[PDB]
Amino acid sequence: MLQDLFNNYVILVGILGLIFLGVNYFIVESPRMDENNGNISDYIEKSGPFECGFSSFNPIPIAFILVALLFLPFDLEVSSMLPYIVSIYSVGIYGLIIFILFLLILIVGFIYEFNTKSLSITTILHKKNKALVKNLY
Amino acid sequence: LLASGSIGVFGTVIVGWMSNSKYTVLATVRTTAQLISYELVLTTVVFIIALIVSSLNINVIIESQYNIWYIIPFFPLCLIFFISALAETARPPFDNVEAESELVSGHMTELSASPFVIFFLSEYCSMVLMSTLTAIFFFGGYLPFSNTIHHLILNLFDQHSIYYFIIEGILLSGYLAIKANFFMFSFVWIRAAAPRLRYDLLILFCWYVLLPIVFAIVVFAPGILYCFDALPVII
Amino acid sequence: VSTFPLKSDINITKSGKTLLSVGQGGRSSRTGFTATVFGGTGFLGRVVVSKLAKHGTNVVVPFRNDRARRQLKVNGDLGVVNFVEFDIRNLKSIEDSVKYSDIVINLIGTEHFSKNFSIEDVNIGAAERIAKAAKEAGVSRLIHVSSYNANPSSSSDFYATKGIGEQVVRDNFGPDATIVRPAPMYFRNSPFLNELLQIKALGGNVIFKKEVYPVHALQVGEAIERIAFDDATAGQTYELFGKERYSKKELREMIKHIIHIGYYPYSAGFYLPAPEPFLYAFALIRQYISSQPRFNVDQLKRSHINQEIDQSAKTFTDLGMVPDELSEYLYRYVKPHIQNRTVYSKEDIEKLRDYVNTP
Amino acid sequence: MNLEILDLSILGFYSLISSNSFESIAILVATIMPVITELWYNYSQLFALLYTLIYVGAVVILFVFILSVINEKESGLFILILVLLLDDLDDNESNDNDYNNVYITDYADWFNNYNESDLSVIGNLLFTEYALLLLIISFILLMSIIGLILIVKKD
Amino acid sequence: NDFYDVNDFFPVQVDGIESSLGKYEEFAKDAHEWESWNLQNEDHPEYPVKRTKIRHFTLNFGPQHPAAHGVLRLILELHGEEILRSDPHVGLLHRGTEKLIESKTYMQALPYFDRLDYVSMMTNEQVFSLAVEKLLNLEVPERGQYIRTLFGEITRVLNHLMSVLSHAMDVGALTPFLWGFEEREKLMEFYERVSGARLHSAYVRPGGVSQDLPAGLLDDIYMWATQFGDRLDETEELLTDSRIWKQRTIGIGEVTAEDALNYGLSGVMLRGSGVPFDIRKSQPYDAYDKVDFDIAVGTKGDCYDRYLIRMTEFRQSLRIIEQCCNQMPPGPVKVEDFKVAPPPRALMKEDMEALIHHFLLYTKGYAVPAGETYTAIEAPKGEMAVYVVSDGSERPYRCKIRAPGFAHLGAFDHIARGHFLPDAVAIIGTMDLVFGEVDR
Amino acid sequence: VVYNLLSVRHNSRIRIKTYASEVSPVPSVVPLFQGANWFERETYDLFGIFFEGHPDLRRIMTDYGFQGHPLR
Amino acid sequence: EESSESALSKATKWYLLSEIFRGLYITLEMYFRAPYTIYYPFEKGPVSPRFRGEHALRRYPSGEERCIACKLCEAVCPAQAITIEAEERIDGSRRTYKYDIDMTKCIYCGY
Amino acid sequence: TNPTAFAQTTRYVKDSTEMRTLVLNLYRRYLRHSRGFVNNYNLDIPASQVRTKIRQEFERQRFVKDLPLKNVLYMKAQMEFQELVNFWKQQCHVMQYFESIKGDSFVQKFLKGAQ
Ligand SMILES: CCCCCCCCCCCCCCCCCC(=O)OC[C@H](COP(=O)(O)OCCN)OC(=O)CCCCCCCCCCCCCCCCC
Ligand SMILES: NC(=O)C1=CN([C@@H]2O[C@H](COP(=O)(O)OP(=O)(O)OC[C@H]3O[C@@H](n4cnc5c(N)ncnc54)[C@H](OP(=O)(O)O)[C@@H]3O)[C@@H](O)[C@H]2O)C=CC1
Ligand SMILES: CCCCCCCCCCCC(=O)OC[C@H](COP(=O)(O)OCC[N+](C)(C)C)OC(=O)CCCCCCCCCCC
Ligand SMILES: CCCCCCCCCCCC(=O)OC[C@H](COP(=O)(O)OCC[N+](C)(C)C)OC(=O)CCCCCCCCCCC
Ligand code: SF4
Ligand code: SF4
């Protein structure tokens with residue numbers, strides 16, 4: 001299988017990257033031509049954040065962290081299913097039973113993280129209600 | 001194809017991660033997990049189709065659908081593929097990254113001129129690509145809607161002249177284009193009909209609903225194929 | 001600024017015009033005058049137009065760059081700042097820029113030349129034609145602006161044309177034409193403080209040995225205000241500059257610490273030393289390849305000339321204004337290019353001067 | 001002009017000068033890409049794509065995910081080029097000169113009429129011959145799922 | 001303090017630290033280098049750690065935001081994503097209408113009310129008319145009251161089309177916005193056909209309405225009314241039963257009945273909490289006592305309940321609008337009292353006393369007997385009321401305007417406590433914050 | 001100073017009038033009615049009335065550092 | 001235990017997105033309808049005789065100005081957009097010699 | 001509902017001595033945040049002058065005798081602090097606060113219109 005046609009494509013796309021950047025740099029009118037008030041550098045008002053107009057100045061939930069952390073074990077489970085795809089016929093029943101076992105052990109992990117509700121954001125800080133109880137004497 | 005897409009995911013989260021704007025840097029932690037979470041679902045669906053043909057070649061998958069289109073046996077995977085495809089391109093209703101009402105332009109609230117176009121062009125190259133990929137995996141790719149109409153049209157040209165091969169190439173890409181257009185239509189169509197989905201309920205959707213189903217099928221399709229002695233081989 | 005730009009509410013010009021001011025000097029007030037700032041879309045014009053329109057003096061601003069003049073109007077009330085399209089190769093337009101005016105200011109000038117104008121046509125031809133037309137239009141006062149080393153005998157083209165430009169004004173308008181020769185003016189977005197902050201300064205050692213005196217652009221703008229509104233300044237020449245002597249090599253390094261920019265300044269290209277015969281060659285090429293005003297050959301000769309003070313002319317003490325030192329104003333004009341924020345007072349800046357020269 | 005050398009010299013230049021964690025994560029991506037590209041050509045196209053799918057797609061974007069969580073706060077040109085040049089001189093990883101100067105070939109044969117990809121053979125052996133290695137791996141993955149939750153989960 | 005800040009176990013007495021080569025004090029001057037000799041544990045709850053008081057991440061949901069449908073500066077103090085404290089900074093649209101009304105007669109002060117709630121224009125000027133007519137001891141004739149009910153409900157439909165559909169747009173549904181805003185174009189045509197302005201129709205005035213209805217207006221309100229029922233269904237198609245819409249609203253912004261009455265929440269953000277109160281019933285005004293219509297009361301006090309109540313108030317408006325089309329009487333549209341209502345132009349140009357009254361009404365104004373009042377109506381947003389103080393003169397002495405949105409926005413902190421940033425967007429939309437009324 | 005109270009119970013409205021001078025404070029009803037937090041914040045901004053017992057009294061309508069109380 | 005729907009019916013609607021596919025279908029009905037857009041400036045939206053727009057001072061058919069400088073409009077004008085200065089004309093008529101409207105101060109109210 | 005940062009309850013003091021303790025305490029609070037005022041507001045002057053001008057405004061009211069005047073000047077004293085800390089004022093306002101600036105002879109005022 002030849003890939004010299006593919007190589008020229010990758011090279012052209014690499015050339016297309018330089019063209020997109022520089023075409024802006026050669027077609028925009030000179031700062032003097034428009035208003036001359038300054039370049040992007042000195043014009044710090046124009047080169048700044050957007051805060052809807054008013055100038056101002058990540059303790060993320062642990063549930064978000066466990067979403068990203070648990071992505072890695074579940075990704076290596078999916079990527080290790082790749083060898084079974086292109087060899088499903090020649091491993092027969094034996095490799096099919098092994099594959100199912102390879103999935104059951106990982107599912108017991110899915111059960112564990114489903115019961116603990118690890119991914120739920122939860123609301124421990126707020127949403128409290130109480131019963132007004134009179135304390136007659 | 002899956003490796004190349006995951007490089008683009010790395011490209012998306014980098015936009016905000018080099019910025020101090022609060023709106024732009026907001027759409028990194030939520031952007032990162034949304035793409036991370038629905039990448040498992042998109043990767044597994046592609047692997048189930050690859051398991052039915054026992055080939056990781058795009059051309060072999062398309063040709064394997066001659067007698068049947070994988071939308072008929074694997075209709076649920078097509079809904080799961082299309083749902084996942086929306087999230088990966090950050091299209092609505094999975095729009096929470098660049099939500100105008102929530103985080104303005106998202107990462108693009110600090111982008112202007114060329115960096116805006118290049119990033120905007122990327123979102124629409126993915127839309128065209130992921131619409132073409134749904135055509136390839138479930139609607140037969142470049143295969144004709146009718147073999148008879150395909151045969152009748154091509155009999156009007158002589159196979160010994162280059163005019164025959166232009167017509168076939170126009171036809172074969174035409175079938176793909178019509179199938180792909182229907183899904184580029186559905187990208188827009190769902191945007192005009194579904195309100196945006198909340199992010200916290202969005203991460204729990206792919207993990208607590210989609211992933212168990214996708215692993216359930218990946219243990220289901222090998223079972224049905226083995227039961228009838230129909231394990232696939234690359235001819 | 002303050003609250004009233006005048007010392008009296010009645011001001012009679014050389015031409016018998018009696019101008020009566022109304023109001024307290026704010027936006028809704030008027031002074032009765034009508035100036036004409038040429039090159040008001042330039043760096044110095046914007047400050048000069050702003051001060052005049054701030055106190056209700058009608059200002060005619062001839063322009064050629066349509067977009068660059070839009071921001072001039074915010075300074076004046078309704079009907080105050082007026083716009084006249086013009087070109088110095090057109091006479092009719094200039095004869096309409098000065099038609100109704102009572103003060104004419106000429107800030108047009110260049111240190112670079114272009115494919116359509118040379119330095120000879122701009123510093124000499126334009127100023128002459130303005131003064132000739134401003135005289136025939138019955139204007140009482142003309143104020144002109146030239147360089148800080150106006151000397152018709154200079155080998156540099158900038159001071160060759162700037163020096164001759166002074167003569168052709170008084171030879172056209174007459175012996176009443178005021179003249180202002182400001183030092184290098186520093187301000188926000190100033191051409192002077194720019195090249196000191198520019199990172200990749202090619203030929204830095206060749207360019208930055210030139211010595212000058214800093215001067216506030218606002219004080220130059222306020223000085224021009226006092227000159228126009230005073231009739232005792234007619235025919236007088238002003239040499240506006242600062243007290244303390246600063247060299248660009250000192251500034252380019254004192255600035256360097258405020259910017260806070262080890263390996264990087266050498267790797268980033270902050271220092272780009274160059275043999276002079278190359279600089280004369282590369283700046284030669286960009287005159288006909290670059291479409292933008294680049295650091296050209298004539299500017300190179302100026303780097304061999306320090307600032308000269310023509311001691312026979314006048315200063316700020318004639319105007320009763322204390323010149324402002326770059327010590328107290330350098331910091332606030334580099335904050336755009338700039339834990340706890342590091343703030344430099346007058347003492348902090350002067351101490352920073354000591355460190356640069358200490359080996 | 002083996003340009004793969006110039007990519008690493010740039011990479012070796014920025015590894016000596018990186019200060020924050022943004023550049024440190026950049027060295028990771030700037031190292032896998034030469035690893036992937038030099039595997040795509042020459043040795044193994046299958047493991048170039050496995051690296052992209054598993055390293056870039058899975059473990060690299062996790063680094064930038066936690067860097068946004070952790071924090072973002074806070075030499076001389078002669079010594080660097082001197083070190084890089086000194087690092088550049090001696091690049092022979094092995095000292096068997098004949099093994100590095102003499103070329104070899106293989107002879108093909110037609111005895112293998114059942115031609116299938118490497119990933120076919122790897123699956124053939126991993127799911128049959130070394131099914132213990134495969135099963136322990138799912139056991140190591142299982143411990144991580146439990147291990148991540150016990151370390152990080154608060155309550 | 002401001003800049004920084006600093007047991008479950010037995011207090012254990014350890015005395016006599018000694019090693020094998022000597023005692024602690026014999027090597028205490030070197031133990032600063034030996035880190036296994038640190039007597040200070042880093043896990044003890046009494047460990048002094050001088051940690052700075054880093055402020056919570058404070059996002060500026062500033063005015064330049066599609067959610068801020070006016071000029072709002074919402075300051076959100078949150079732990080992570082769940083919102084701890086929110087500080088709305090209103091006043092960016094404060095124009096001092098209340099100061100300006102005191103310098104203008106009652107007829108000139110009327111247009112200041114169309115500019116409070118931009119979208120409920122005619123109900124704004126209905127509450128100023130009711131208050132002044134109450135002070136004037138005058139009553140609008142029968143036809144005038146039906147017109148103010150007819151355009152009191154056209155205005156209510158106009159408001160909810162703006163409020164419900166822009167609320168959906170923030171949540172994500174872009175299309176239902178567009179469909180409804182063509183109905184707004186069709187309804188604004190009735191505003192312009194009777195008054196001459198699409199938005200700020202100074203139509204309702206103290207004493208009645210400006211002019212009579214043009215011929216054929218009733219036949220256009222009807223022809224629009226026959227079709228409009230299907231326009232609400234196509235809105236309820238995309239939103240009412242959508243699981244994504246119900247995930248964005250059910251359980252979001254819950255308000256108890258005790259909390260609603262305490263914060264003075266009125267209109268729909270009080271019937272969502274289950275209280276069946278409505279000002280068209282408590283103090284019926286301007287022919288609202290003649291027509292028959294129902295009201296809808298929530299039970300969960302969340303955004304989904306208020307969504308349903310508004311969609312019911314659509315269909316109850318379309319039920320009143322038809323009756324006003326059928327029960328419209330003939331007669332004068334304004335008080336037959338030329339000392340408070342300008343005479344017709346034809347009579348002005350022919351009758352001497354009409355010319356005198358036309359003259360004094362447009363220069364001097366009409367005097368209002370001294371006293372004060374507090375007139376409330378059921379505005380589309382909620383309870384809107386004015387406190388007008390008269391002094392026997394032709395200009396109001398005081399006019400306080402009680403805008404429903406202003407009292408709602410105060411309760412935003414009490415409701416948003418314990419919600420995420422995408423949930424704040426829903427709560428603002430469910431409040432209907434047009435900031436002309438908030439910053440009157 | 002005028003207060004308007006609503007009784008959803010019996011469908012009634014009552015009005016409380018209480019005077020005040022420029023320097024004499026007035027009790028804050030925020031401990032009773034939470035809805036008066038902003039209505040008292042507005043009255044001070046536009047009348048300068050001292051409200052004793054208000055948890056957070058500040059400008060709500062006028063600009064920050066606005067001198068003088070407009071409705072006087 | 002009191003839900004009328006069976007478990008399978010509730011899950012078939014849930015897994016197959018019953019109301020969403022309907023929601024798409026209603027949106028697709030609009031695709032085959034006549035849009036509302038008019039092509040301004042080649043067409044104009046409806047106007048009525050009561051419409052308020054630009055101001056104009058009128059005349060009698062004989063040509064004399066209609067305004068007798070009575071200053072009524074100046075006194076009604078809520079925004080004080082009108083400035084009238086008047087005197088007896090050269091021939092004795094009660095006419096105005098100065099009449100301005102600050103069109104940036106008028107609220108287009110029709111008083 | 002909860003109050004915002006650096007907020008205080010509004011209580012009408014009835015003792016003169018009690019107020020001065022609050023007045024003196026508040027003064028250091030202004031002084032403590034002076035460097036942050038410069039940093040947050042990007043002021044062009046060192047923090048020394050910021051501490052300088054704070055003190056002057058306290059003295060301006062030092063000699064009030066009647067008590068009811070004392071409270072209101074203290075009630076508004078806290079409010080200006082609270083707005084300054086929380087970055088509620090914009091940079092334009094704070095600059096103009098510290099950017100503020102001998103009378104002319106009778107002839108001079110007469111010459112230019114006087115007042
Ligand atoms: C298609 C091209 C994509 C790359 C475009 C950028 C090219 C610039 C050169 C950087 C890449 C070289 C590879 C070595 C990594 C070096 C990263 C580094 O040290 O910082 C570079 C960048 C600019 O900062 P700089 O001034 O150079 O260094 C001092 C800044 N305090 O500091 C920054 O972090 C700014 C943002 C740069 C983010 C780049 C992310 C890492 C690169 C990944 C994409 C390319 C993958 C590597 C391919 C080449 C490998 C040799
Ligand atoms: N630090 C400084 O800036 C110093 C400058 N000077 C001199 O002061 C004078 C004013 O320059 P400055 O305002 O500071 O900065 P600029 O150089 O930007 O001002 C040049 C002005 O002259 C106009 N000009 C140049 N050529 C033409 C032309 N053919 N036709 C019409 N107008 C033309 C320009 O109009 P346009 O903007 O539309 O191009 C511009 O308004 C200059 O002569 C300068 O040499 C002296 C000492 C210090
Ligand atoms: C066939 C391939 C195309 C459609 C694929 C998706 C099928 C969705 C319906 C199954 C789920 C379900 O729950 O179905 C059942 C549901 C709900 O029934 P119910 O509310 O109990 O009915 C009430 C009681 N009756 C039964 C007496 C009436 O019906 C539907 O909502 C049907 C929706 C049809 C319109 C959407 C289809 C067109 C979409 C675009 C096609 C190009
Ligand atoms: C066995 C057959 C397998 C079929 C596989 C298909 C499954 C698809 C998902 C069904 C589950 C579901 O819609 O779930 C809804 C989930 C989470 O809902 P929840 O948090 O659990 O609350 C509801 C359930 N309750 C009350 C029981 C707990 O969120 C959503 O609204 C996701 C909506 C995504 C719509 C994206 C647009 C569609 C584009 C494609 C068509 C053009
Ligand atoms: S002054 Fe005004 S109202 Fe009176 S006649 Fe003239 S235009 Fe008409
Ligand atoms: S329409 Fe304009 S000019 Fe006429 S009264 Fe109203 S605001 Fe004044």
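Residues numbered from 1 in each chain as written, not as in the entry; some residues may be left out. Chains lettered and ligands numbered in written order. Part of a larger assembly, values for the part shown. Heavy atoms only, no water.

- As stated in the entry header, the method of structure determination is cryo-EM and the reported resolution is 3.34 Å.

Some remarks on the overall build of chain A
Okay, step 1: For chain A, the count of helices and strands is five helices and zero strands.
Okay, step 2: By the compact-globule yardstick of 14 Å for 137 residues, chain A is too spread out, its C-alpha radius of gyration being 30 Å.
Okay, step 3: The dimensions of chain A, computed from C-alpha atoms along their principal axes, are 90 × 70 × 15 Å.
Okay, step 4: The buried share of chain A, taken over its 137 residues, is 37%.
Okay, step 5: Counting every atom, chain A has about 8700 Å² of accessible surface; 69% of that belongs to carbon and sulfur. (Helix = DSSP H or I, 4+ residues; strand = E, 2+ residues; numbered from the N terminus. Rg over C-alpha atoms; globule rule 2.2 N^0.38 Å. Buried < 20%, exposed > 50% of the residue type's maximum accessible area, 1.4 Å probe, protein only. Areas by Shrake-Rupley, 256 points an atom, 1.4 Å probe, with all protein chains shown as cover.)

Notes on the pattern of salt bridges
Okay, step 1: Overall, the coordinates contain 72 salt bridges over all chains when judged by the stated rule.
Okay, step 2: Residue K400(E) pairs with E42(F) through a salt bridge whose shortest N-O separation is 3.4 Å. Of this pair, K400(E) sits in strand 13 (residues 398–402) while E42(F) sits in helix 1 (residues 36–47), on two different chains.
Okay, step 3: Taken together, the salt bridges that share partners define one network made up of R271(E), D278(E), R280(E), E313(E) and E378(E). (Salt bridge = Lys/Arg side-chain N within 4 Å of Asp/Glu carboxyl O.)

A look at the site of ligand 1
Okay, step 1: In the neighbourhood of ligand 1, the contacting residues comprise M18(B), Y263(C), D7(D), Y14(D), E23(D), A26(D), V29(D) and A30(D).
Okay, step 2: With respect to ligand 1, the side chain of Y14(D) contributes an N or O atom lying 3.4 Å from an oxygen atom.
Okay, step 3: Within the side chain of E23(D), a nitrogen or oxygen atom sits 2.9 Å from an oxygen atom of ligand 1.
Okay, step 4: Relative to its free-state accessible area of 990 Å², ligand 1 is covered by the protein chains to the extent of 51%.
Okay, step 5: Listed by contribution, the elements that provide at least two residues to the shell around ligand 1 are helix 1 (4–15) and helix 2 (21–43) of chain D. (Near = heavy atom within 4 Å. Polar contact = N/O pair within 3.5 Å; in protein donor to acceptor, adjacent residues only side chain to side chain.)

Some points on the packing of helix 3 (residues 119–136) of chain C against helix 4 (residues 157–170) of chain C
Residue and element names in this part refer to chain C.
Okay, step 1: For the pair helix 3 and helix 4, interaxial distance at closest approach is 9 Å and the crossing angle is 10°. Compared by their axis directions, helix 3 and helix 4 come out roughly parallel. Read as a crossing pair, helix 3 and helix 4 show a hand that is right-handed. On helix 4, the residues that touch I119, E120, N123, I124, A127, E128 and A131 of helix 3 are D157, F158, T161, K162, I164, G165, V168 and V169. (Axes fitted to C-alpha atoms, helices over the stretch in contact; angles between N-to-C directions. Parallel < 35°, antiparallel > 145°, perpendicular 65-115°, else oblique. Left-handed = near helix turned anticlockwise from the far one by under 90°. Contact = heavy atoms within 4.5 Å.)

Topic: the site of ligand 2
All names here are of chain C.
Okay, step 1: Contacts to ligand 2 come from 21 residues, most closely from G39, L44, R64, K162 and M185.
Okay, step 2: Separating an oxygen atom of ligand 2 from a backbone N or O atom of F43 is a distance of 3.3 Å.
Okay, step 3: Expressed as a share of its isolated accessible area of 890 Å², the protein-covered part of ligand 2 is 85%.
Okay, step 4: Going through the elements one at a time, helix 1 (43–54) and helix 4 are the ones with two or more residues in the shell around ligand 2.

Focus: the interface of chain E and chain B
Okay, step 1: Between chain E and chain B, the contact holds 29 residues from the first and 21 residues from the second.
Okay, step 2: For chain E, the biggest contributors to the area lost against chain B are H65(E), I244(E) and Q247(E); these three give 23% of the whole.
Okay, step 3: Across the pair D423(E) and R198(B) runs a salt bridge, and its minimum N-O distance is 3.4 Å.
Okay, step 4: Linking chain E with chain B are 10 residue pairs in polar contact, by the criterion used here.
Okay, step 5: For the side of chain E that touches chain B, the secondary-structure elements that each account for two or more residues are strand 5 (58–61), helix 5 (142–171), helix 8 (243–249) and helix 17 (421–431) of chain E.
Okay, step 6: Looking at the side of chain E that touches chain B residue by residue, the classes come out as 17 nonpolar, eight polar and four charged. (Buried area = accessible area lost by both parts, 1.4 Å probe. Nonpolar A, V, L, I, M, F, W, Y, C, P; charged D, E, K, R; others polar.)

A few points about the interface of chain A and chain D
Okay, step 1: At the junction of the two partners, chain A supplies 43 residues and chain D supplies 36 residues.
Okay, step 2: Approximately 3600 Å² of surface area, both sides summed, lies buried where chain A meets chain D, with 77% of it carried by carbon and sulfur atoms.
Okay, step 3: Where chain A packs against chain D, one counts zero salt bridges.
Okay, step 4: Looking at the side of chain A that touches chain D, the elements with two or more residues in it are helix 1 (4–27), helix 3 (62–79), helix 4 (82–85) and helix 5 (88–115) of chain A.
Okay, step 5: In terms of residue count, the dominant contributor to the side of chain A that touches chain D is helix 3 of chain A (15 residues).

Observations concerning the UniProt feature "transmembrane region" (unreviewed entry) in chain A
Residues and elements named next belong to chain A.
Okay, step 1: Residues annotated by UniProt as "transmembrane region" (unreviewed entry) correspond here to residues 6–27, 62–85 and 91–112.
Okay, step 2: In the segment residues 6–27, helix accounts for 100% and strand for 0%; the C-alpha atoms at its two ends are 32 Å apart.
Okay, step 3: Along residues 62–85, the helical share is 92% and the strand share 0%, with 35 Å between the first and last C-alpha atoms. (UniProt positions renumbered as here; feature names shortened; annotations may be inferred.)

Here we look at the sheet that holds strand 3 (residues 34–38) of chain C
All names here are of chain C.
Okay, step 1: With parallel pairing, the seven strands of this open sheet are ordered in space as 5-4-3-6-7-8-13. The sheet terminates laterally at strand 5 (81–85) and strand 13 (237–240), the two strands that pair on one side only. Strand-to-strand twist across the sheet, computed as the mean angle between neighbouring axes with direction ignored, equals 20°.
Okay, step 2: Running over the sheet, helix 3 touches strand 3, strand 6 (103–106) and strand 7 (141–145) and is turned about 175° from strand 6.
Okay, step 3: Running over the sheet, helix 7 (residues 217–229) touches strand 6, strand 7, strand 8 (178–182) and strand 13 and is turned about 155° from strand 7. (Pairing = 2+ DSSP bridges.)

Section: the pairing of strand 6 of chain C
Residues and elements named next belong to chain C.
Okay, step 1: Along strand 6, one buried face is formed by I103 and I105 and the opposite face, lined by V104 and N106, is buried too.
Okay, step 2: With four bridges joining them, strand 3 and strand 6 adopt parallel strand pairing. Residue pairing in the sheet places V37 in a bridge with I105 of strand 6.
Okay, step 3: Both strand 6 and strand 7 contribute to a ladder of four bridges, which runs parallel. Note that in strand 7 the partner of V104 across the bridge is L142.

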